[PDB]
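Labels below follow one simple rule: chain letters A, B, ... track the order of the sequence lines, proteins then strands, and each chain is numbered from 1. Just the heavy atoms: all of them, side chains too, but no hydrogens, waters or symmetry mates, feed the values below.
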Amino acid sequence: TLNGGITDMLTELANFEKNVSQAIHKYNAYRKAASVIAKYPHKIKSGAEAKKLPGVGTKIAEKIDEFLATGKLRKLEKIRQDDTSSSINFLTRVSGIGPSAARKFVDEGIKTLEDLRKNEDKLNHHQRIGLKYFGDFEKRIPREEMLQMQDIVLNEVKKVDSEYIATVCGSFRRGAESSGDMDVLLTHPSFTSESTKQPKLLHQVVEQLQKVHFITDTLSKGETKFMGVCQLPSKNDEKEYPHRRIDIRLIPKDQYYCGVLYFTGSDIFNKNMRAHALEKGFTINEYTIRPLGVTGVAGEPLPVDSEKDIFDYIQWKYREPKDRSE
DNA sequence: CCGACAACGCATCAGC
DNA sequence: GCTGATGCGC
DNA sequence: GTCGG
Ligand SMILES: O=c1ccn([C@H]2C[C@H](O)[C@@H](COP(=O)(O)NP(=O)(O)OP(=O)(O)O)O2)c(=O)[nH]1
Ligand SMILES: [Cl-]
Ligand SMILES: [Cl-]
Ligand SMILES: [Mg+2]
Ligand SMILES: [Mg+2]
Ligand code: NA
Ligand code: NA
């Protein structure tokens, strides 16, 4: 965090292009730069020094110069002023509300926490639940609490079928001191890239996780992807823990490594590794890594048996989870 | 220059 | 209902 | 917004 001010400045600009400008590339551009500049082991002295890192070009170099000189960026002061942009940015914090729905609500005249609460009838299931736990979701989860949640999720899963193997991924597997949510990868010998010898494999787990009042709400639920809410149980006369976001992703057991790699992130690390895979000539997803022929079309899955195998295919030295946080 | 930028599950809606 | 585009969050 | 052919 030698450059917290700059990386923070960049993130804001990224969120602005995303939520307000709906310019998804300008968004990612800024994120990448914020990232590269965040791993940079030196306290940037000037824009020039930054334009050396890949991801920081001219435009971002100048802003960093403007920020180092005055401790701020005029382009952001302005945005912070513009009322329409400020509303859109705030509405985009309610889970389930993207740039489109925000700008939409603003037009309808809904632009504050209050407006949303008196118009609950205009929110879909996801947005509704998101507003419900607006505050809670703003809070981070301490690793200590992540460990507790992990026991529950794993012991319960073991309860449904000792065949289930549940791995907590995300910022947790990358060993963070806190997480924005909990991400769980689930496998079961019955479900492979070859056959689903059992249905409701995911359903079963969510059902058990709901019986013990661990899962409290649902944002979306598919045959292999659950997006919901959970809560650590409290003791007598003990203030309740905040409600937490939990993702559950069921992946074919023979494709675990590609799946664990994906769900371990970071999202930027994946975006980079997948970009680099495409240059090396391959394509990677949470399922498999396939080669690319001249036609461009993806080939057949390559034999993977370790996260490291994927790294090799693309000629990238293996990086530990902790070193994938970008 | 200028085309590309990671990849995909689930919810919601339009058009048939 | 089904397919495909768009939205939203991984 | 940045970058590699
Ligand atoms: O756009 C995305 C988002 C997420 N992911 C992967 C990486 C990420 O770590 C994982 C789970 O997503 P989260 O939103 O949970 N991010 P992460 O757990 O890394 O951080 P946080 O602590 O915010 O949850 O999914 C992508 O590949 N692309
Ligand atoms: Cl600023
Ligand atoms: Cl695939
Ligand atoms: Mg997470
Ligand atoms: Mg998540
Ligand atoms: Na650069
Ligand atoms: Na949002």
Any protein N or O atoms within reach of nucleotides 3-5 of chain B? Criterion: under 3.5 Å, listing atom names and distances.
{"unit_1": "B/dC5", "atom_1": "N3", "unit_2": "A/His25", "atom_2": "ND1", "d": "3.3"}

Check the pair A/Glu326, A/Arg319 against salt bridge (charged side-chain N to carboxylate O under 4.0 Å, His left out), reporting the backbone distance first and the verdict last. CA-CA 12 Å; A/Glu326 322 184 316; A/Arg319 292 165 53 176; 2.7 Å; yes
With A/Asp267 as partner, the option from A/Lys32, A/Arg31, A/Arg324 fulfilling salt bridge (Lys or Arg N to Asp or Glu O under 4.0 Å) is A/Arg31
Practice task
Quick one: label A/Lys221 by what it contacts on the DNA or RNA (base, sugar-phosphate, nothing), any heavy atom closer than 4.0 Å.
Solution key: sugar-phosphate
Among the nucleotides B/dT12, B/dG9, B/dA7, whichever has the atom closest to the side chain of A/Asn285 is B/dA7
Taking for A/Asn28 and for A/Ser220 the nucleotide of DNA chain B with the nearest heavy atom, the one nearer the 5' end belongs to A/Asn28
A/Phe226 CZ to B/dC8 P, in whole Å, measures 23 Å
Of the candidates C/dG7, D/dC3, B/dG9, the side chain of A/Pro54 sits closest to D/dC3
task = Return the orientation label for the A/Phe137 and A/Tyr133 ring planes: parallel under 30°, perpendicular over 60°, tilted otherwise.
result = tilted
Output field dot_bracket for DNA chain D (Watson-Crick or G-U, both distances under 3.5 Å, | for other-strand pairs) contains ||.||
**Study point:** Worked check of salt bridge (charged side-chain N to carboxylate O under 4.0 Å, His left out) between A/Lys59 and A/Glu17
**Key:** CA-CA 14 Å; A/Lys59 308 290 273 294; A/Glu17 296 295 342; over 6 Å; no
The correct set of residues in residues 55-93 of chain A placing a heavy atom under 4.0 Å from DNA chain D is A/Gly55, A/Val56, A/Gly57, A/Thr58, A/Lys59, A/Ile60
- Task: Under 4.0 Å between any heavy atoms, over every strand shown, what does A/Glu17 touch: base, sugar-phosphate, or nothing? Just pick one.
- Result: nothing
For the residue pair A/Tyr318 and A/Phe311, categorise the inter-ring angle as parallel (less than 30°), tilted (30 to 60°) or perpendicular (more than 60°).
perpendicular
Closest to the 5' end of DNA chain B, once A/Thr218 and A/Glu286 are matched to their nearest nucleotides, is A/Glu286
